[PDB]
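Trainee: I'd like to ask some things about the structure below.
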RNA sequence: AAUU
DNA sequence: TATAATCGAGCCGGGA
DNA sequence: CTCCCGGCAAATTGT
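Dropping the structure here:
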């Protein structure tokens, strides 16, 4: 079919590589493909130079190398292994006394590798490292909230790489410095740096009242040494002020490039704000035996001039995106590497004391356990290392571009107010204003804008076009927020003739503030509207018509779309849906030009120009993290001539290379008999018939057989007391056969466990004895299908001990995994959504004959209630339908970009051409206007919809141009009394499916200490009837209902047993007993040496333990 | 669990209903041999000492006791469902 | 209603040499329109064996007496050099839409039950137009458009429809 | 899910949910009707989903 | 981290 | 059982 | 005043 694209905007540059924030960051950290002498000092390289040399014997760092991975990516996932490279380091040991040099290359453990698409494999599971926003290091000046006319100067280093410093000017007039919660007069520190009153008096004197608050006579009376000892006694009480000890403490706090690290970005921000040059990343130096100042005097100088109102001095906006920077994967990982490196150094010095002080190499001196643990800790347990969202290809693409303000070195959820969550003006073009979580995390987690890229310092830059004179260049400059505030930036839609600005007045920005400006004043221009929003937001056509709160839901919900076997691209696209599939890496493309040699379900073989025969295996029905099926399908045929970059296979949720998150269905907007109520959705059974919204899902089942003190667990087909019906589908070994249909209760893997010591009860001994089946040594522990699950068995993996290549955790003989697949047809309770935030659960499935239908017999697919539109103010879905109607008859799909889209006249033109096909066909076939079409036309003209006095064809066309048609009720045959909006809409089946959520429990597992039911469906849990639920029962005055919740249905052990027995005997449930959790409370208060006594009306003790606890 | 408490209780009650339908002398031997009394499964020689008879005599009343037990079971179908 | 492909254990399988996965192959078999000439024949079993670089269409099914394939051009599987496709498809007569989970029909162990859309009727519209007997006005002219897959005829449909409706009106006979 | 046809005092309750929620009651009724020999046998019949008549 |  | 080793490394309200 | 301790919605799921 035809693809018609709208919009007049010529975008000078394509979207950047979308995972570059991930891919480029880690490559930069490892530099594995760079030869060691040419590596720059960054990432891993910089970490080594910081930890070494290790003094105390001196151990020095030469170079490192990364090996090749022990196992490929597919293999790691199979075996629950981390995808990683061996790290080695060449170290030379020197004895400073002797001169002796022993050198060896020591093994430091493994480092995890990033895959091509920017993710990790950590113990078999795919993970993503989320970038972290935080305050950029540098020197900031903020207004003091208490005293309006005064200011605070803060010197902030990288997280955990030094303390925060505050320079406050107290009301008494002296400049105070705050470090580690302790305050003192800053003058003391100035003297330690070697400043004398001559230098300080003459330097800052220009500011009249301020220089005197710095002057303290007693401090000048003492040399830098007396001042150093004096300060140390202030900061560390009780520690003897030994002269070598004070240098050591103070040096480590200020001048040590090992214990105090300003950023590289910190240096630039400092150099730029104060107009100085830093020799390094420390606030001071230890040079020529004394301390030599770097930062403090320039920072003190700026503070005094600002309080005085000196021109050229400003306060810093701490939420400005120039002062807030991104910590990418590489930087985050390197930080953990540096910590692990420092612990290993602690280990070196302790080994340089014990055992032979002579006979030591680097191999005996280095224990890498501290390093392996630090990295394993970051990847396994960090708050920024998250389980990959791979529900659909877009899920993972969005995850990698997310920005978190939480995690180790940022806010807590109870610790962040409004300012951080707000949308700052500098977010324009950098961080998306729409795509953020609804709920507690709103504004803390955000997403990178489409055209944004993070530079080497960690600041987000966004592209703009140069405008010189009135000419718009094609040169794009990626700008930081700080640099953007200098210019006047015109909007991207400002009219153009050629490269010349064609409007006399343009809409532009100065510091984000909107302003109207002449073409002479235009320094730059936005590249595109797409640059303001995230990738998800950019997939919403007609976004300009949707209220943001709903567009937010639209963005996020595409993340949850389940891959459909029939998945299709939307009939109205934004033009980004090709790039997302390509950068996602689900789809497979041709490397160079060539010819297709072979096409299979399992593989595609291509003959290139090179003559070389390249084979691309295809991932078929593989189970993703969320159980959606990632499966690739071949899109070319044998012998097809393909070019470089031509599509070879479709990934999941892609159709001919376009993102397919859903289906295009014929929708009617109208109430329908209350099945539409309050966002519910009505669908045609025709959708299931043709397998729309059907998705494949795979669940993984696992079981271990382990050594016990009672003897081995065995995986066997021999299970005590089981029929051949129950074992039918198990193979020789006890594993369910591939292909069998398994239903709840069915055995997946047979297993036996040795009966404990209190073996069969004497009751059981005698019962079995009666039947002459002597009691077995083992019990049936087999893995079974959980309630509500089941499907077709597609795979089994078995891993024993003693088979090549596999070793399990201690005690585990063998591990068996069963992969079970299901084709899920759409059903009542499943959740649907469009890209505009309209979401609802399927409440009714009508037979095709009940569905409203067009006069020519075509029934609609979905009926959405119009009551969902007006309050939500998301009208893009309406425009989507009109253009979708036109496309249904013209057989075409459209690209309408955001904010430069199809407009009403253009949609009307397309609709007229459609009407010609929808109607002229009928008139030629020998059919005229319907009687009922006339009745509706009568009522429509009463509505002012059609012009009175035109022919029925003319009026039906007037309605068709409003996107409305005559609709017949399939029940009656009578028309709907008014014309109804009908068209093609793009709707997704989200990951929330009743099959997953339905749960019920009579009785089941109980908790150890409280004896209350466990929680959650997976444990067969009970529902929590919490405080507020108890209030409800109380307000109803339902005392006996409530007491049941508190006793027989929970932790009253005696009561629940008796209550169950009564129900199976037909008796009424007995009166309850003491809840066991009260007994727990009583004993816990006794453990606190508090005597809690239940007493009767006579004040005599009542024993709620029934004699069991008294001697 | 509530189910288990119910199940084991019902089983103890049906077992006793069947053992009272045995002579006292031949029901006590079965209880001593399967451990329902004292928790231990007594040897054939020990049961001989407490009823003062021969090790073979005690084996004989256990099989006839167990056989008579088996007969009452085929008749009332009471204990069959507890075999799981 | 059911499919057995040789050396295929379940629906999520894939066949060497064949481009389509089994899910798509069964999706194509759901479009097969199969007419039973003998009214007494309620179930049959089509056989297909193909190899080599050929595109299997519905014609390649082995002809069976009293059975006509109304769409012999329908694509089934694309096979490539060395690709071998051998299957047995069980076709039944029935009513309405009976999904695979419902009937669960398997001729043999490795059989894949298939969702059955039995109804031969593809589309139904009816026009109501104005007419007169020249004295009286607002009379109705009724035109029923009926499309079918060809196994049953638009007219045959209409008679069965009328016959069903007639038989239903009988049910009003015995009151209580 | 919305249930327009319900009277105000009613709700739609999935049969599979009700079988679990009412399971003890259901066992007794399965005994009165000859559907199972006794309560213990009735529960075993509900355990496997293909065993439910 | 999700859903309401 | 014996060279000698000798001091660590988030905002808010309310009540003493 | 300053500081020190106590608070800071519910149910559900997921690796």
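Chains as they are written, first to last, in the UniProt record's numbering: chain H, 1 to 56, 64 to 1118; chain A, 340 to 423; chain Z, 54 to 229; chain U, 632 to 684. Even for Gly, the Cβ is constructed at its ideal location relative to N, Cα and C.
(1) Check this for me: beta carbons of residue 139 of chain H and residue 339 of chain H, under 8 Å apart or not?
(2) I need the DSSP call for residue 670 of chain H, collapsed to helix, strand or coil.
(3) Leaving out five residues on either side along the sequence, give the residues of the same chain with a beta carbon under 8 Å from the beta carbon of residue 111 of chain Z.
(4) Compile a chain-ordered list of the residues in the segment 756-784 of chain H whose CB is closer than 7 Å to at least one CB of chain A.
(5) Tell me whether residue 379 of chain A sits in a helix, a strand or coil according to DSSP, three-state version.
(6) Taking Cβ to Cβ, would you say residue 292 of chain H is nearer than 8 Å to residue 278 of chain H?
(7) Return yes when the Cβ of residue 454 of chain H is within less than 8 Å of the Cβ of residue 410 of chain H, no when it is not.
(8) Since residue 1070 of chain H is in the alpha helix (DSSP H), which residue starts that stretch and which ends it?
(9) Name the DSSP bridge partner or partners of residue 21 of chain H?
(10) Using the Cβ count rule (16 or more neighbours within 10 Å means buried), how would you classify residue 881 of chain H?
(11) Any idea if residue 1063 of chain H is buried or exposed, counting beta-carbon neighbours within 10 angstroms, 16 or more meaning buried?
(12) With a CB to CB cut of under 8 Å and the five nearest residues on each side skipped, what residues in its chain are close to residue 536 of chain H?
(13) Can you find a CB in chain A that lies within less than 8 Å of the CB of residue 695 of chain U?
(14) Can you tell me the Cα-Cα spacing of residue 450 of chain H and residue 439 of chain H, whole angstroms?
(15) Could you check which residue in Z:152, Z:136, Z:193, Z:63 has the C-alpha nearest to that of residue 827 of chain H?
(16) Using three-state DSSP, classify residue 560 of chain H as helix, strand or coil.
(17) Have a look at residue 383 of chain A and residue 772 of chain H and give me their C-alpha separation to the nearest angstrom.
(18) State yes or no: is the C-beta of residue 1122 of chain H within less than 8 Å of the C-beta of residue 797 of chain H?
(19) Using the beta-carbon of each residue, which ones in chain Z are nearer than 8 Å to residue 609 of chain H?
(20) Using 8 Å as the limit for Cβ to Cβ distance, is residue 648 of chain U near chain H?
(21) Taking just the CA atoms, how far does residue 417 of chain H sit from residue 267 of chain H?
(22) List the endpoints of the continuous alpha helix (DSSP H) containing residue 572 of chain H.
(23) List the whole-angstrom C-beta distance separating residue 687 of chain H from residue 758 of chain H, where the pair is believed to meet the contact cut-off of C-beta under 8 Å.
(24) Could you give the residue range of the beta strand (DSSP E) that holds residue 192 of chain H?
(25) Let me know the secondary structure DSSP gives residue 866 of chain H once reduced to three states.
(26) Indicate the three-state DSSP secondary structure (helix, strand or coil) for residue 433 of chain H in the structure shown.
(27) Strictly below 9 Å CB to CB, what residues from chain A border residue 668 of chain U?
(28) How should residue 187 of chain H be labelled, buried or exposed, when 16 other C-beta atoms within 10 angstroms of its C-beta is the threshold for buried?
(29) May I ask you to report which of helix, strand or coil DSSP gives residue 361 of chain A?
(30) Taking 8 Å as the cut-off, decide whether the C-beta atoms of residue 1049 of chain H and residue 1041 of chain H are in contact.
(31) Report the residues of the segment 81-102 of chain H with a CB closer than 9 Å to any CB of chain A, ordered along the chain.
(32) Whole angstroms is fine: what's the gap from residue 385 of chain H's alpha carbon to residue 343 of chain H's?
(33) Does any residue of chain U bring its CB to less than 8 Å from the CB of residue 8 of chain H?
(34) What residues match up with residue 201 of chain Z in a beta bridge as DSSP calls it?
(35) Looking at the secondary structure, which residues open and close the beta strand (DSSP E) in which residue 140 of chain Z lies?
(36) Would the segment 455-462 of chain H and the segment 535-551 of chain H be scored as touching if the rule is three or more Cβ pairs under 8 Å?
Mentor: With the given structure in hand:
(1) Start at 1 with the first residue of the first chain, and residue 139 of chain H comes out as number 132. Start at 1 with the first residue of the first chain, and residue 339 of chain H comes out as number 332. Their beta carbons are under 8 Å apart, which means residue 139 of chain H touches residue 339 of chain H by this criterion.
(2) On the first chain, residue 670 of chain H is found 663 positions in, with the first residue counted as 1. DSSP places residue 670 of chain H in strand when its eight states are reduced to three.
(3) In the third chain, counting from the first residue as 1, residue 111 of chain Z sits at position 58. Cβ neighbours of residue 111 of chain Z beyond the five flanking positions: 85, 122, 124, 125, 126, 127, 129.
(4) 769, 770, 772, 773, 774, 776, 777, 778
(5) In the second chain, residue 379 of chain A corresponds to position 40, counting from 1. Three-state result, residue 379 of chain A: coil.
(6) Residue numbering aside, residue 292 of chain H sits at position 285 when the first chain is read from its first letter. Residue numbering aside, residue 278 of chain H sits at position 271 when the first chain is read from its first letter. Going by C-beta atoms, residue 292 of chain H is not nearer than 8 Å to residue 278 of chain H.
(7) In the first chain, residue 410 of chain H corresponds to position 403, counting from 1. In the first chain, residue 454 of chain H corresponds to position 447, counting from 1. Closer than 8 Å, so yes.
(8) What you label residue 1070 of chain H is simply residue 1063 of the first chain in a count that begins at 1. That run of the alpha helix (DSSP H) goes 1060-1072.
(9) Against the first chain, residue 21 of chain H aligns to sequence position 21. Answer by DSSP bridge pairing: none, since residue 21 of chain H is not bridged.
(10) Locating residue 881 of chain H in the first chain gives position 874, counting from the first residue. It is buried - the Cβ of residue 881 of chain H has at least 16 other Cβ atoms within 10 Å.
(11) The residue given as residue 1063 of chain H occupies position 1056 in the first chain. By the 10 Å Cβ count, residue 1063 of chain H comes out buried.
(12) Numbered from its first residue, the first chain carries residue 536 of chain H at position 529. Hits under 8 Å: 9, 499, 500, 904, 905, 906, 907.
(13) Because residue 695 of chain U is not part of the residues shown, which for chain U are 632 to 684, the question remains open.
(14) For the purposes of this step, residue 450 of chain H is taken as residue 443 along the first chain, with counting starting at 1. For the purposes of this step, residue 439 of chain H is taken as residue 432 along the first chain, with counting starting at 1. Near 10 Å, if we compare the C-alpha coordinates of residue 439 of chain H and residue 450 of chain H.
(15) Your numbering for residue 827 of chain H matches position 820 in the first chain. Residue 827 of chain H has its Cα closest to that of Z:63, out of Z:152, Z:136, Z:193, Z:63.
(16) Translated into the one-based positions of the first chain, residue 560 of chain H becomes position 553. The answer is helix: DSSP assigns residue 560 of chain H an H, G or I state.
(17) By 1-based counting over the second chain, the position of residue 383 of chain A is 44. By 1-based counting over the first chain, the position of residue 772 of chain H is 765. When rounded, the distance between both Cα atoms is 16 Å.
(18) Given that chain H is displayed from residue 1 to residue 1118, the structure contains no residue 1122 of chain H and the question cannot be resolved.
(19) By 1-based counting over the first chain, the position of residue 609 of chain H is 602. Correct list: 67, 69.
(20) Translated into positions along the fourth chain, residue 648 of chain U becomes position 17. Yes, because at least one Cβ of chain H sits closer than 8 Å to the Cβ of residue 648 of chain U.
(21) Locating residue 267 of chain H in the first chain gives position 260, counting from the first residue. Locating residue 417 of chain H in the first chain gives position 410, counting from the first residue. Each residue's Cα considered, the two are about 19 Å apart.
(22) Along the first chain, one-based indexing puts residue 572 of chain H at 565. Residue 572 of chain H: not part of any alpha helix (DSSP H); DSSP gives it neither H nor E.
(23) For this step, residue 687 of chain H is matched to residue 680 along the first chain. For this step, residue 758 of chain H is matched to residue 751 along the first chain. That pair is no contact at about 45 Å.
(24) Here the question's residue 192 of chain H lines up with position 185 in the first chain. Taken as a continuous stretch (DSSP letters only), the beta strand (DSSP E) holding residue 192 of chain H covers 189-192.
(25) Start at 1 with the first residue of the first chain, and residue 866 of chain H comes out as number 859. DSSP places residue 866 of chain H in the strand class (E or B) of the three-state scheme.
(26) Position 426 of the first chain holds residue 433 of chain H. Helix.
(27) Residue 668 of chain U sits at position 37 when you count from the first residue of the fourth chain. Chain A residues near residue 668 of chain U: 416, 419, 420.
(28) The residue labelled residue 187 of chain H in the question sits at position 180 within the first chain. The C-beta of residue 187 of chain H has fewer than 16 other C-beta atoms within 10 Å across all chains shown, which makes the residue exposed.
(29) The count along the second chain starts at 1 and reaches residue 361 of chain A at position 22. Three-state result, residue 361 of chain A: coil.
(30) What you label residue 1049 of chain H is simply residue 1042 of the first chain in a count that begins at 1. What you label residue 1041 of chain H is simply residue 1034 of the first chain in a count that begins at 1. Result yes, Cβ atoms of residue 1049 of chain H and residue 1041 of chain H sit closer than 8 Å.
(31) none
(32) For this step, residue 385 of chain H is matched to residue 378 along the first chain. For this step, residue 343 of chain H is matched to residue 336 along the first chain. Taking the straight line from one Cα to the other gives about 7 Å.
(33) Within the first chain, the letter at position 8 stands for residue 8 of chain H. No, residue 8 of chain H lies away from the interface with chain U (no Cβ there is under 8 Å from its Cβ).
(34) To locate residue 201 of chain Z, count along the third chain from 1; it is residue 148. When beta bridges are read from the DSSP output, residue 201 of chain Z appears opposite Z:174.
(35) Taking the first residue of the third chain as 1, we reach residue 140 of chain Z at position 87. Counting along the chain, the beta strand (DSSP E) containing residue 140 of chain Z begins and ends at 137-143.
(36) yes
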